[PDB]
Amino acid sequence: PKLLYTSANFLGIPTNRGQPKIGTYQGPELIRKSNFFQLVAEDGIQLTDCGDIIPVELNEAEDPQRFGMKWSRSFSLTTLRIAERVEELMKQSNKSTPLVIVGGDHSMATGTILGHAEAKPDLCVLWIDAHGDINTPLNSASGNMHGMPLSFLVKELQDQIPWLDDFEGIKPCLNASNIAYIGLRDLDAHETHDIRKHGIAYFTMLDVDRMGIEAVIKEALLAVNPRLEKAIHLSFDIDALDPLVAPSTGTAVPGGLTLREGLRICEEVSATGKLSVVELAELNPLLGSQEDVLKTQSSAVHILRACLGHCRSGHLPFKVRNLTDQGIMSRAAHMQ
Amino acid sequence: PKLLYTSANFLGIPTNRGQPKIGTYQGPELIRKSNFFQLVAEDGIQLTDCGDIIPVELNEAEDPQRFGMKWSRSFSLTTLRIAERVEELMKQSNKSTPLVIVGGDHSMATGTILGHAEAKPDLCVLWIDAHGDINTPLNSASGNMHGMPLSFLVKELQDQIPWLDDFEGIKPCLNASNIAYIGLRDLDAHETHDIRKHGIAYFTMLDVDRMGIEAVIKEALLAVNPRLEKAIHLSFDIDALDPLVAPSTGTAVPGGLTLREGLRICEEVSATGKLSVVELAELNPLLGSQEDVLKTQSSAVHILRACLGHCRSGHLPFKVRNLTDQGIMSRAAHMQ
Amino acid sequence: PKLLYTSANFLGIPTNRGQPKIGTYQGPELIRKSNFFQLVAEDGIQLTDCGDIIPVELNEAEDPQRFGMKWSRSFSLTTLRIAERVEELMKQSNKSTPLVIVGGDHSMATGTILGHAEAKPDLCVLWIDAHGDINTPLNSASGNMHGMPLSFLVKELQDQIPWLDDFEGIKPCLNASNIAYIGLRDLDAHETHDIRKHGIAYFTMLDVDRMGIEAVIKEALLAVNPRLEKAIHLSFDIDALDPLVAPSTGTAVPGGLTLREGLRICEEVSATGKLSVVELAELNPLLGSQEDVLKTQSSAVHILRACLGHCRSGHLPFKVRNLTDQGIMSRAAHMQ
Ligand SMILES: N=C(NO)NCC[C@H](N)C(=O)O
Ligand SMILES: N=C(NO)NCC[C@H](N)C(=O)O
Ligand SMILES: N=C(NO)NCC[C@H](N)C(=O)O
Ligand SMILES: [Mn+2]
Ligand SMILES: [Mn+2]
Ligand SMILES: [Mn+2]
Ligand SMILES: [Mn+2]
Ligand SMILES: [Mn+2]
Ligand SMILES: [Mn+2]
């Protein structure tokens with residue numbers, strides 16, 4: 001059989017300074033420890049583990065609050081380290097070779113999209129999330145960076161981003177028109193304001209309920225990738241899925257996507273042939289029971305396999321086995 | 001932004017004599033103890049806690065079985081106390097001001113609808129429930145009052161209600177044509193008989209499966225509130241939701257509404273502008289594990305927020321924050 | 001009211017040599033121990049417990065591996081014992097009288113279909129399962145018989161079945177065109193190859209997602225039972241349902257049918273009037289927590305009740321109770 005993607009790269013980013021619950025740094029390990037790699041090879045894909053990006057984690061004294069942001073210099077230093085590594089991987093990829101990134105809290109997305117856009121400036125972004133993650137710093141109630149990662153990247157938002165020297169190299173590489181959200185159900189007011197003002201395509205769980213996921217996917221792809229010309233950066237927050245199916249995550253919100261709805265998003269996005277980067281964020285194996293962690297891990301693996309082209313309707317074998325070749329008598333043969 | 005309802009009243013009714021499992025009396029506390037009030041205020045709604053109705057709970061000697069009914073004089077005395085309090089609240093409400101009632105087992109509905117109809121005689125009732133709760137007393141296998149509350153209220157059923165002096169003030173204020181059921185999946189035979197005989201609109205989980213919830217809501221509202229002329233009494237039994245999402249309740253039945261389907265019912269009913277009373281019944285925080293109770297509580301809060309107009313697609317902020325007003329340099333400003 | 005089936009037979013088959021996890025032999029007991037029998041009688045169906053089939057379980061020395069198969073002589077001996085008993089029951093059934101079989105691992109299906117086809121050679125098979133269970137022996141990675149049961153039965157597969165004397169009486173009684181799958185999401189490559197090559201109708205969770213269960217059922221029935229002329233053998237693997245709703249089973253796969261989707265399959269299949277045999281496979285009450293076992297048991301009972309005609313929209317009573325006959329004064333009567 002033929003594959004859309006025959007090889008793929010894998011990268012861990014154990015960010016944990018974007019939100020205060022310890023454990024998202026164990027995200028990549030949660031996936032490495034799974035049968036993910038084995039299942040992908042069983043499908044005929046050559047998957048290369050490119051290791052982990054080491055985040056910059058400064059101490060309290062070196063990284064005081066600034067404009068309410070917690071760990072903002074850790075954030076900016078990490079953003080640039082991430083961007084550099086992703087850019088480098090995406091350029092040696094130039095059948096494309098998708099990069100699979102396992103986080104880590106969602107604050108990594110500023111860095112991953114930054115680097116990705118360097119290699120492929122024309123990209124679009126599909127943001128699968130219960131949350132907007134597009135708070136500008138003075139509007140954030142939490143001061144957690146994992147709630148702001150897109151705001152630094154969107155050109156139309158720059159008049160609401162306070163200036164900092166160490167953020168200078170974080171160049172806004174996205175237009176509002178290049179992003180589509182699926183799964184929203186917990187926007188902060190100011191996000192709603194920005195999303196509506198600048199016309200960012202979004203499809204909330206309400207849209208998913210009224211339209212159905214099949215149409216929502218079609219609409220999202222239509223909105224930001226009409227003729228499949230652009231590379232896709234698929235940013236998948238695990239908390240988009242329902243807590244019944246992904247409990248081990250920092251900010252669970254009831255009424256989420258079913259696993260199946262999530263698989264459909266990924267299957268469709270994979271099948272475009274334009275999946276350039278997929279990142280899975282906000283796994284925290286330190287949250288919930290042991291069985292919660294397994295449910296979450298399992299959901300992540302199915303989700304990630306779908307992204308690489310796994311087909312729930314089955315895969316043909318590489319060589320068809322035949323009974324005679326082993327010198328073995330078949331029942332049909334025997335009946336003579 | 002504008003709201004359909006800018007204020008709202010909140011009332012607890014800790015009924016527990018309608019069914020034998022202790023704990024539904026802790027229902028209202030389960031919700032007060034939650035972030036419900038905070039979330040509602042965050043949406044710009046002024047919510048007034050009107051306290052709890054104290055139920056009449058007689059002892060065994062004072063309240064023997066009568067026609068098989070358990071605690072029927074506690075029921076009738078409580079029905080009148082409830083009716084009086086609700087009538088009083090709904091008249092000082094005369095942008096309507098919705099009343100949110102947290103139970104308590106479902107037997108409270110005889111009282112709440114009675115009083116509600118006093119203030120607004122022309123109402124319709126949307127009954128969201130896995131059960132009919134319309135057993136007449138000699139047909140009830142359990143003798144539990146929470147399985148009979150509508151039978152006393154429906155005019156066409158009065159020839160099957162045995163007469164009791166203390167029930168005289170429970171005047172049948174509903175026509176069969178004023179009620180619509182959504183969510184049914186466990187009707188007793190005699191309920192099925194009555195529901196079909198007198199032509200009560202009903203939509204079972206089977207209808208929900210074949211029609212989809214969007215159409216079922218439209219049909220229900222069409223059946224009992226064609227042009228949105230009537231006040232709506234929305235009686236929401238928590239056990240309508242699936243046990244996976246509301247386990248802490250006395251008579252759980254598998255195959256229920258998803259949380260999302262429930263939210264859609266409430267969102268639609270809210271958006272009519274006719275939500276006059278909403279009541280949530282059969283929470284029992286004494287049932288199930290600690291995590292079961294949290295799941296149930298959480299579902300109740302999302303459900304109740306939807307009823308008051310909460311929007312999963314987001315809310316605009318009351319004042320838009322701007323970076324310059326604080327004397328702060330934006331990144332866009334800096335780039336000159 | 002009228003019933004499609006007024007009586008029914010019940011048979012346990014505690015197979016456990018088709019897969020290595022101990023406990024599927026407790027399947028039938030799990031259902032007998034439930035309120036299943038009571039609920040069915042409450043619907044007006046006369047259900048006769050025909051006891052259990054005793055499987056042949058040979059020791060290691062007597063049953064070595066052959067062509068990789070584990071316990072293949074236990075399998076063949078059991079297949080014939082099952083076939084004989086089912087044939088006998090289905091002939092004394094000649095309003096049909098459905099046979100309800102509770103397993104037991106799925107390897108029993110070779111025997112049950114064999115015997116069923118003896119009594120009703122013209123049957124079709126609806127296979128509800130996350131798995132294909134149609135591996136030929138040299139293609140099986142596990143060597144577990146519960147993954148092969150259909151391969152011995154399908155005429156087009158016989159050139160890939162190795163001959164064994166003790167399998168001679170296992171006569172291939174099915175054509176590829178007589179089988180339809182619903183629920184697939186974990187086919188082995190060689191199954192996919194066979195299913196596509198010989199044109200077996202199949203509807204995976206992907207089809208269920210895109211088409212919706214209502215259409216998938218219609219298509220399946222169209223594919224193998226166009227004008228409802230054929231008896232239906234409904235082979236229901238509990239692991240077709242989602243692990244959230246049937247956790248206690250040996251090979252759980254995420255992203256399954258909802259309980260409701262499963263009920264719809266059964267309701268539709270029941271309503272054809274052609275439900276001849278229904279079998280439920282792969283219950284293992286030795287797996288999972290106590291609450292997992294209850295969830296699974298409960299799902300099985302609802303599923304099996306649906307198969308026998310249970311209606312979620314309610315059942316009429318056998319005799320309508322009337323208030324006057326007991327010499328009792330109604331409220332309506334009193335108001336004169
Ligand atoms: N887990 C997430 N987003 O994906 N949290 C964001 C929460 C909130 N919007 C904030 O700024 O903190
Ligand atoms: N929880 C409920 N209804 O909402 N129980 C009612 C059970 C049954 N119909 C009865 O009369 O007791
Ligand atoms: N539980 C099941 N099928 O229903 N297991 C089959 C697993 C696999 N296809 C095999 O041959 O072992
Ligand atoms: Mn996020
Ligand atoms: Mn999120
Ligand atoms: Mn109720
Ligand atoms: Mn109920
Ligand atoms: Mn099976
Ligand atoms: Mn299976």
# chains A, B, ... in the order shown; residues from 1 in each chain; ligands from 1

call {"tool": "residues_around", "arguments": {"residues": "range 223-230 of chain A", "least_positions_apart": "3", "cutoff": "6 Å", "atoms": "only C-alpha atoms", "output": "ChimeraX atom specification"}}
result
/A:123,178,220

call {"tool": "residues_near_ligand", "arguments": {"ligand": "ligand 5", "cutoff": "7 Å", "atoms": "only C-alpha atoms and all ligand atoms", "output": "VMD selection string"}}
result
chain A and resid 129 to 131 237 239 to 240 251

call {"tool": "interface_residues", "arguments": {"of": "chain C", "to": "chain B", "cutoff": "6 Å", "atoms": "only C-alpha atoms", "output": "number ranges by chain"}}
result
C: 259-260, 312-317, 323, 329-332

call {"tool": "write_last_selection", "arguments": {"atoms": "N, CA and C atoms", "output": "mmCIF file, in the first residue's frame"}}
result
data_model
loop_
_atom_site.group_PDB
_atom_site.id
_atom_site.type_symbol
_atom_site.label_atom_id
_atom_site.label_comp_id
_atom_site.auth_asym_id
_atom_site.auth_seq_id
_atom_site.Cartn_x
_atom_site.Cartn_y
_atom_site.Cartn_z
ATOM 1 N N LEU C 259 -23.243 3.175 24.048
ATOM 2 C CA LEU C 259 -24.330 2.278 24.403
ATOM 3 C C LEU C 259 -25.544 2.511 23.507
ATOM 4 N N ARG C 260 -25.908 3.776 23.303
ATOM 5 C CA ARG C 260 -27.048 4.121 22.460
ATOM 6 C C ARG C 260 -26.889 3.607 21.030
ATOM 7 N N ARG C 312 -37.387 1.523 24.358
ATOM 8 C CA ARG C 312 -37.047 2.666 25.201
ATOM 9 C C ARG C 312 -38.163 3.727 25.254
ATOM 10 N N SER C 313 -39.054 3.701 24.259
ATOM 11 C CA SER C 313 -40.247 4.552 24.231
ATOM 12 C C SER C 313 -41.430 3.974 25.032
ATOM 13 N N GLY C 314 -41.218 2.869 25.736
ATOM 14 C CA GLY C 314 -42.224 2.352 26.650
ATOM 15 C C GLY C 314 -43.031 1.171 26.144
ATOM 16 N N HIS C 315 -43.646 0.461 27.082
ATOM 17 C CA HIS C 315 -44.512 -0.678 26.779
ATOM 18 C C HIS C 315 -45.873 -0.438 27.407
ATOM 19 N N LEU C 316 -46.936 -0.814 26.701
ATOM 20 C CA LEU C 316 -48.287 -0.708 27.247
ATOM 21 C C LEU C 316 -48.467 -1.772 28.291
ATOM 22 N N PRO C 317 -49.357 -1.537 29.264
ATOM 23 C CA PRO C 317 -49.589 -2.544 30.304
ATOM 24 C C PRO C 317 -50.508 -3.658 29.803
ATOM 25 N N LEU C 323 -59.571 2.910 38.921
ATOM 26 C CA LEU C 323 -59.721 3.293 40.315
ATOM 27 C C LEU C 323 -61.019 2.776 40.950
ATOM 28 N N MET C 329 -62.864 6.171 45.771
ATOM 29 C CA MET C 329 -63.307 7.481 45.328
ATOM 30 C C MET C 329 -62.177 8.303 44.684
ATOM 31 N N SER C 330 -62.360 8.675 43.417
ATOM 32 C CA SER C 330 -61.407 9.515 42.698
ATOM 33 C C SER C 330 -61.634 10.985 43.015
ATOM 34 N N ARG C 331 -60.625 11.815 42.764
ATOM 35 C CA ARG C 331 -60.762 13.253 42.971
ATOM 36 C C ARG C 331 -61.828 13.817 42.045
ATOM 37 N N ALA C 332 -61.823 13.363 40.794
ATOM 38 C CA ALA C 332 -62.837 13.789 39.834
ATOM 39 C C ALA C 332 -64.246 13.400 40.304
#

call {"tool": "atom_distance", "arguments": {"atom1": "CA of residue 51 in chain C", "atom2": "CA of residue 10 in chain C"}}
result
7.3 Å

call {"tool": "select_by_dssp", "arguments": {"residues": "range 93-320 of chain C", "states": "strand (DSSP E)", "output": "PyMOL selection string"}}
result
chain C and resi 99-103+124-128+179-184+201-204+232-237+275-281

call {"tool": "write_last_selection", "arguments": {"atoms": "C-alpha atoms", "output": "JSON list (two decimals), in the first residue's frame"}}
result
[["chain", "number", "residue", "atom", "x", "y", "z"],
["C", 99, "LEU", "CA", -31.98, -18.02, 21.03],
["C", 100, "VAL", "CA", -29.91, -15.79, 23.31],
["C", 101, "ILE", "CA", -26.36, -17.01, 23.89],
["C", 102, "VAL", "CA", -24.09, -15.52, 26.51],
["C", 103, "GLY", "CA", -20.35, -16.28, 26.28],
["C", 124, "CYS", "CA", -26.85, -13.95, 7.23],
["C", 125, "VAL", "CA", -24.44, -12.80, 9.94],
["C", 126, "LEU", "CA", -24.18, -9.38, 11.56],
["C", 127, "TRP", "CA", -20.80, -9.12, 13.28],
["C", 128, "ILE", "CA", -20.66, -6.29, 15.82],
["C", 179, "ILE", "CA", -21.57, -11.24, 6.46],
["C", 180, "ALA", "CA", -21.65, -7.59, 7.47],
["C", 181, "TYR", "CA", -19.40, -5.99, 10.09],
["C", 182, "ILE", "CA", -20.31, -3.02, 12.27],
["C", 183, "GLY", "CA", -17.92, -1.29, 14.70],
["C", 184, "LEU", "CA", -14.45, -2.23, 13.43],
["C", 201, "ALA", "CA", -19.54, -5.69, 3.74],
["C", 202, "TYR", "CA", -17.99, -3.74, 6.59],
["C", 203, "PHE", "CA", -18.67, -0.52, 8.46],
["C", 204, "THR", "CA", -15.88, 0.73, 10.70],
["C", 232, "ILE", "CA", -30.20, -13.21, 11.25],
["C", 233, "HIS", "CA", -27.34, -14.45, 13.39],
["C", 234, "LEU", "CA", -26.34, -11.37, 15.38],
["C", 235, "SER", "CA", -22.84, -11.89, 16.88],
["C", 236, "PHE", "CA", -22.25, -9.10, 19.36],
["C", 237, "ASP", "CA", -18.77, -8.67, 20.85],
["C", 275, "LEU", "CA", -33.53, -12.26, 14.81],
["C", 276, "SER", "CA", -32.85, -15.97, 15.02],
["C", 277, "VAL", "CA", -29.76, -16.12, 17.25],
["C", 278, "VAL", "CA", -28.10, -13.34, 19.23],
["C", 279, "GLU", "CA", -24.83, -14.01, 21.02],
["C", 280, "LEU", "CA", -22.91, -11.73, 23.33],
["C", 281, "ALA", "CA", -19.19, -12.46, 23.55]]

call {"tool": "closest_residue", "arguments": {"among": "A:305, A:21, A:146, A:116", "to": "ligand 4", "atoms": "only C-alpha atoms and all ligand atoms"}}
result
A:146

call {"tool": "residues_around", "arguments": {"residues": "residue 148 in chain A", "least_positions_apart": "6", "cutoff": "8 Å", "atoms": "only C-alpha atoms", "output": "PyMOL selection string"}}
result
chain A and resi 107+133-137+140

call {"tool": "residues_around", "arguments": {"residues": "residue 37 in chain C", "least_positions_apart": "2", "cutoff": "10 Å", "atoms": "only C-alpha atoms", "output": "list in words"}}
result
residues 10, 31, 32, 33, 34, 35, 39, 40, 41, 42, 45, 46, 47, 48, 49, 301 and 305 of chain C

call {"tool": "closest_residue", "arguments": {"among": "C:200, C:58, C:252, C:13", "to": "ligand 8", "atoms": "only C-alpha atoms and all ligand atoms"}}
result
C:252

call {"tool": "closest_residue", "arguments": {"among": "C:147, C:14, C:20, C:132", "to": "residue 56 in chain C", "atoms": "only C-alpha atoms"}}
result
C:14

call {"tool": "atom_distance", "arguments": {"atom1": "CA of residue 78 in chain B", "atom2": "CA of residue 30 in chain B"}}
result
21.5 Å

call {"tool": "select_by_dssp", "arguments": {"residues": "range 40-256 of chain A", "states": "helix (DSSP H, G or I)", "output": "ChimeraX atom specification"}}
result
/A:40-42,72-92,108-119,137-139,145-147,155-160,165-167,176-178,189-197,205-211,213-224,238-240

call {"tool": "atom_distance", "arguments": {"atom1": "CA of residue 69 in chain A", "atom2": "CA of residue 111 in chain A"}}
result
16.8 Å
